[PDB]
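Colleague: Take a look at the following structure, please.
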Protein chains: 6
Amino acid sequence: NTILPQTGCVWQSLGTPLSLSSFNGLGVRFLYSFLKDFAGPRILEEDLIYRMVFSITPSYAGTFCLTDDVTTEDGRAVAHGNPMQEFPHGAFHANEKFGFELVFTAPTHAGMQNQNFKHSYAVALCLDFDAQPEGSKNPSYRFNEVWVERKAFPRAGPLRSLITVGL
Amino acid sequence: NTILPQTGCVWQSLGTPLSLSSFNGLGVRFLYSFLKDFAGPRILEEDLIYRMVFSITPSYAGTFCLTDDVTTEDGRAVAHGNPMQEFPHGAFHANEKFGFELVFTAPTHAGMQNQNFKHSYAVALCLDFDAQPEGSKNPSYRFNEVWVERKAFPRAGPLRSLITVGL
Amino acid sequence: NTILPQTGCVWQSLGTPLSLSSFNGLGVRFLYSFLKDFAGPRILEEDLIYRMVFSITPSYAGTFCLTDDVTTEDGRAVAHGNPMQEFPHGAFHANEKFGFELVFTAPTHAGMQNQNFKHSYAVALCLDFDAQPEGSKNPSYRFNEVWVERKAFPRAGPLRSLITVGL
Amino acid sequence: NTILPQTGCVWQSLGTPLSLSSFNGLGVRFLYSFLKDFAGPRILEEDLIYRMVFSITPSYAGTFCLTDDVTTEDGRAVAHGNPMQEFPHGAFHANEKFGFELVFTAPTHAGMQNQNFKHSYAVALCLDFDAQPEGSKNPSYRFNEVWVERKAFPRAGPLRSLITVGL
Amino acid sequence: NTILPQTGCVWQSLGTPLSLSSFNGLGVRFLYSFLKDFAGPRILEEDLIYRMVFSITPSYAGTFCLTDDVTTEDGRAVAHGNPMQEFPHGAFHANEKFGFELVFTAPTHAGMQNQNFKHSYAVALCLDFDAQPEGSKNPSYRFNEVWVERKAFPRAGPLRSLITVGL
Amino acid sequence: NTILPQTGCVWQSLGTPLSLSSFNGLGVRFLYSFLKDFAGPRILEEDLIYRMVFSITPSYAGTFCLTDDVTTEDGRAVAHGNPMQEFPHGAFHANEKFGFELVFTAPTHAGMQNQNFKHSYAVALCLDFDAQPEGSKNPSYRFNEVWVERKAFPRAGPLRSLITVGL
């Protein structure tokens, strides 16, 4: 029924949905913007990340890809490069849900340390919207679920400081 | 740092805060009203319940107790009986946080099945507010945390149906 | 001298006598009305019940039987079906004592869970009084003893909270 | 939750409450008056008695003690001696509950045979009430619980003579 | 030739066909309405249910699904929610036979106790009929077979009470 | 509670009641007329039959017996021979239920093959009604239960062809 984790790993959810705008025909969002928001326990610089799973609902049609080259000079991201070919890509229709999973690896081991997603491994997620009518409206999009696979940590409980009265 | 569960148990949280009113000088809330709201997995009729932990913030001063006899005839609960003496009781001040833990047991085993909290084991939680001024305002109260200790179930993950595109 | 219980069971008494009326020629009383009154420890929904023993003293003559079909539309029970043939039946005389024992079983094990006596196993006890004189008086009846066979629980003692002074 | 009995003993209750009067400023009651009233099985002359537990609710203030010397000449007990110092003693307030436990021993073994509480071991319980107003009212007192610890006997059951009809 | 049961289970049939009406464009029937009708032996509250198999013949075209949310306010069921995705769904044509099998499970074991189909697991079966002509006729439907998989119980035989004469 | 089958046998019921007429003072029915109607699985020519159990309700008084000689020339059976003395016989009253069991054997083994009940082992069942009033009414009779003991065959299930839709 659910995707199973590896031998010593667990899954963790982001917790809240989020909505963004088109902002000049395409939307770009770096993977380190998502990773700095998990808060059950936070993620440290040297923590290995194994997988990620997404779920988006757009309001138009277009294509998506994962790219490393992103050209921008002020605010808006204006252009990007060619899709990388170890991460999925494809096209989507309006008001339909699509989702994918990413796998991360290093030349000598499985996983990637959290600090590397900011130096030398700065992958981004780009959505391309096609139509260009004069009278129009910026096609927005909304994230419904974000998951990350980490090393196993203990389950949450209640704090002893909660108990003031006694028996 | 946190309260540890028993040998084969786990903790589970209710998820959202809630606020109620005084409603004629005292507030009563049966424990089966709380138990029908847990939703990670739901609780079934024959599931054993071991403990509970609470956290409330009132807006006046008074006393609290756990009682089995509750007299009511329409809507409002008007009067209650004497506090049971295997569950805590005490007094609280205005705008201060107090919390306690409950333990449940049977004559032959530890725990209590969920269905019994509605027949023959219908415990309630009662808050008594003292002052009676003519010009006044119904002292409200707010729950900040509710936890229950259950049998161990597997951790949540993402659903395979989330993935539409592929590599 | 006394009836012996099974290998891991004990007997328990109801504690108090009770008297009822004829109420239109016959009296009906469901077995779940008796079982909700035992109070040494109370009985829970999933507790297995093995046997029962009764003792009644009527004030007229008639017949008794255990039946599952009972027709009633408001208050009074007006008519019943045919006696079941795994439970006793017979006739009685006025101001004489009669008593019997019942045995309960399931298709795969001995006993019956307490909750079932309310759904799909709702047996009732019916007393039929014969005479129909114009000038008359409702023949009453009185229970002298009720016993149930349960799983073994520990004997009653005194509570530590009883002792205030010390040596 | 409850006081545990010794290795081969059981507890037994007296069954009914009882109320007495002050009767000239103090009330005296010998322990053999209580012991001749237990009736589940009765107590025989050579049965060893181990402990006793009491619970009283008075209607005034005063002191209580266990004494062996009691002076009386007709009806009323008029004066008593000094409290023994292997049994508790203390003071009590009006309309409050107090209780204690007694331990009995012999120079060579634990316990005391029932017949001795009448010859050479005739302990009594005395309640002293203090105030002496002209306009007054005899301070009464009421026993709420009496328990005795005995040798183990089998649990009560129903009698075979109860069953007249059959299957 | 036939579907095989699990290691310690048996199949049982409902015995009789049944016909219903459309009643404002859709028909809803809770699974606990079917389960209270098996009568070879009846089903008790704590009996585990493993599977079910159906067979229906409609008189129009439409779709079917299993849903937990059903909105109704008096008699008629007026609207329902979204189909659950662990139970089948699809479309059917007029005067053709379709059938399916359901599987039930819990977070820790296989099966579901009979009492849960009424609290917190109240699944329903809904049939949607499409056409809306002014001159029309309520599309009826008819059940041809209903089966349930249970724990093994012994085969039926004749009762000794049948034999009156002898050799 | 029920009659137990032999070491490798099972019981099977006929399924439906049936009513017949008196037809000139006596009714005759050969045992092969009953055996050709069982239909769960049908019975083959070489299948061994061990026992049979009956249950009839008449509308008059008379006698019954099992006989091999039956004289008839057209339709009606007019006369029969003497009762066999390895099968029961007796008398019955009006509107009362009577029933019996038959045992079948061969000179070298237990049982009798189904084909033999038509050649050389053609037993019949005859009911004799006594009264002969001019103004009268043909005394009818009705079978309530018929059972046969066979070799063990597997329990019924549902057919795979029932399932058209899928998950």
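Ordering of the structure tokens sets the chain letters (A, B, ...), residue numbers begin anew at 1 in every chain, and ligands are numbered from 1 in the order given.
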Show me, as a ChimeraX atom specification, the residues that have an atom within 12 Å of residue 161 of chain D when counting only C-alpha atoms, minus same-chain residues fewer than 3 positions from it.
Modeller: /C:1-3,53-55,97-101 /D:157-158,164-165
Colleague: How would the residues just picked look written out with C-alpha atoms as a compact mmCIF listing (two decimals), in the first residue's frame?
Modeller:
```
# COMPACT_ATOMS: atom_id res chain seq x y z
CA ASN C 1 -23.17 -29.33 49.59
CA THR C 2 -22.68 -26.61 46.96
CA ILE C 3 -22.33 -26.62 43.19
CA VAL C 53 -28.81 -20.00 38.67
CA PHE C 54 -32.20 -18.59 39.69
CA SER C 55 -34.75 -18.86 42.51
CA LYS C 97 -40.09 -22.17 45.34
CA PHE C 98 -38.61 -23.41 42.07
CA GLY C 99 -35.19 -22.88 40.54
CA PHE C 100 -33.05 -23.90 37.60
CA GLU C 101 -29.62 -23.45 36.03
CA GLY D 157 -21.42 -20.77 46.14
CA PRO D 158 -25.04 -21.75 45.49
CA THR D 164 -35.95 -28.23 41.49
CA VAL D 165 -36.80 -28.27 37.77
```
Colleague: List the neighbours of residue 32 of chain E out to 8 Å using only C-alpha atoms; skip same-chain residues closer than 2 positions along the sequence, and give me the result as a ChimeraX atom specification.
Modeller: /E:30,34-36,117-118,122
Colleague: Output N, CA and C atoms for every residue in the selection just made, as a compact mmCIF listing (two decimals), in the first residue's frame.
Modeller:
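That gives us out_32.txt:
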```txt
# COMPACT_ATOMS: atom_id res chain seq x y z
N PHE E 30 -25.57 -0.20 3.31
CA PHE E 30 -24.42 -0.41 4.18
C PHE E 30 -24.12 -1.89 4.34
N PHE E 34 -26.19 -6.31 5.27
CA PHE E 34 -26.02 -7.66 4.75
C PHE E 34 -25.58 -8.62 5.84
N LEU E 35 -24.69 -8.17 6.73
CA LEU E 35 -24.06 -9.08 7.68
C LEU E 35 -25.00 -9.51 8.80
N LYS E 36 -26.06 -8.76 9.06
CA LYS E 36 -27.02 -9.13 10.09
C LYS E 36 -28.07 -10.12 9.61
N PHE E 117 -17.87 -2.65 11.67
CA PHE E 117 -18.58 -2.23 10.47
C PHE E 117 -19.72 -1.28 10.80
N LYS E 118 -19.87 -0.94 12.08
CA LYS E 118 -20.89 -0.01 12.54
C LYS E 118 -20.33 1.23 13.22
N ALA E 122 -17.63 2.11 8.68
CA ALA E 122 -18.96 1.96 8.10
C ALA E 122 -18.91 2.23 6.60
```
Colleague: Among segment 7-43 of chain E, which ones does DSSP assign to alpha helix (DSSP H) (computed from the backbone)? Answer as an NGL selection string.
Modeller: :E and (31-35)
Colleague: Write a file of the selected residues as a compact mmCIF listing (two decimals), in the first residue's frame, keeping C-alpha atoms.
Modeller:
```txt
# COMPACT_ATOMS: atom_id res chain seq x y z
CA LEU E 31 -22.41 -3.60 4.59
CA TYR E 32 -23.82 -4.13 8.09
CA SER E 33 -27.29 -4.58 6.59
CA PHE E 34 -26.02 -7.66 4.75
CA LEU E 35 -24.06 -9.08 7.68
```
Colleague: What are the residues of chain C that have an atom within 12 Å of an atom of chain F, counting only C-alpha atoms, as a PDB file with N, CA, C and O atoms, in the first residue's frame?
Modeller:
```pdb
ATOM      1  N   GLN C  85     -35.306 -25.119  23.399  1.00  0.00           N
ATOM      2  CA  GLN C  85     -35.216 -26.481  23.906  1.00  0.00           C
ATOM      3  C   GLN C  85     -33.806 -26.867  24.337  1.00  0.00           C
ATOM      4  O   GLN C  85     -33.505 -28.058  24.456  1.00  0.00           O
ATOM      5  N   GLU C  86     -32.938 -25.891  24.582  1.00  0.00           N
ATOM      6  CA  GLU C  86     -31.718 -26.134  25.336  1.00  0.00           C
ATOM      7  C   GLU C  86     -31.765 -25.500  26.717  1.00  0.00           C
ATOM      8  O   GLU C  86     -30.810 -25.641  27.484  1.00  0.00           O
ATOM      9  N   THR C 105     -23.315 -21.520  25.484  1.00  0.00           N
ATOM     10  CA  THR C 105     -22.260 -22.063  24.643  1.00  0.00           C
ATOM     11  C   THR C 105     -22.277 -21.359  23.293  1.00  0.00           C
ATOM     12  O   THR C 105     -23.275 -20.752  22.898  1.00  0.00           O
ATOM     13  N   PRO C 107     -20.748 -21.843  18.996  1.00  0.00           N
ATOM     14  CA  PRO C 107     -20.401 -22.915  18.050  1.00  0.00           C
ATOM     15  C   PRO C 107     -18.950 -23.373  18.103  1.00  0.00           C
ATOM     16  O   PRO C 107     -18.652 -24.456  17.588  1.00  0.00           O
TER      17      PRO C 107
END
```
Colleague: Neighbours of residue 119 of chain D within 12 Å (only C-alpha atoms; same-chain residues fewer than 6 positions away dropped), as a list in words?
Modeller: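 Result of the neighbour search: residues 32, 45, 68, 112 and 113 of chain D.
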